[PDB]
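Report on one structure; see the data block that follows.
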Amino acid sequence: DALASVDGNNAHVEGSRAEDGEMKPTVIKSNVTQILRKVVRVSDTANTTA
Amino acid sequence: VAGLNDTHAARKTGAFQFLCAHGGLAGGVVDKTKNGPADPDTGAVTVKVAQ
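Those protein sequences? They're chains K and c, same order as listed. Per the deposited numbering, numbering through the first sequence is continuous, rising by one, with the last residue being 101. Per the deposited numbering, numbering through the second sequence is continuous, rising by one, with the last residue being 202.
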């Protein structure tokens, strides 16, 4: 979402305090990563069963 | 066999002296001083301790 060329108005004479952009870029976003786990532990006695 | 972890105790097999005729146990072992029970089929005793 840079869109530094919004319609607005249009009038310039190549100078006279040019629009002097306001650092439209570096609006970077971010997010985190989740971790999921689970165990399938096998009982000690109820093991090796058919 | 529920969600619990162990829920179990020691395990043991059927011993020789326990599988033939266990005519009385002295604890965790067959009593070695008591004759077996009379077989109802024929009236025999495979475990005899004479004196």
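Positions of the beta carbon are idealized from the N, C-alpha and C atoms, including for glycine.
Does DSSP put residue 155/c in a helix, a strand or coil?
coil
Let me know the secondary structure DSSP gives residue 176/c once reduced to three states.
strand
Identify the contact partners of residue 152/c in chain K, using a Cβ-Cβ distance below 7 Å as the criterion.
97
Mark residue 174/c as exposed unless 16 or more other C-beta atoms lie within 10 angstroms of its C-beta, in which case mark it buried.
buried
On the CB-based measure, 16 or more other CB atoms within 10 Å of its CB, does residue 181/c come out buried or exposed?
buried
Would the segment 83-93 of chain K and the segment 58-75 of chain K be scored as touching if the rule is three or more Cβ pairs under 8 Å?
No, the segment 83-93 of chain K is not in contact with the segment 58-75 of chain K.
Between residue 186/c and chain K, is there a C-beta pair that is closer than 8 Å?
Taking Cβ atoms only, chain K never reaches closer than 8 Å to residue 186/c, which makes this a no.
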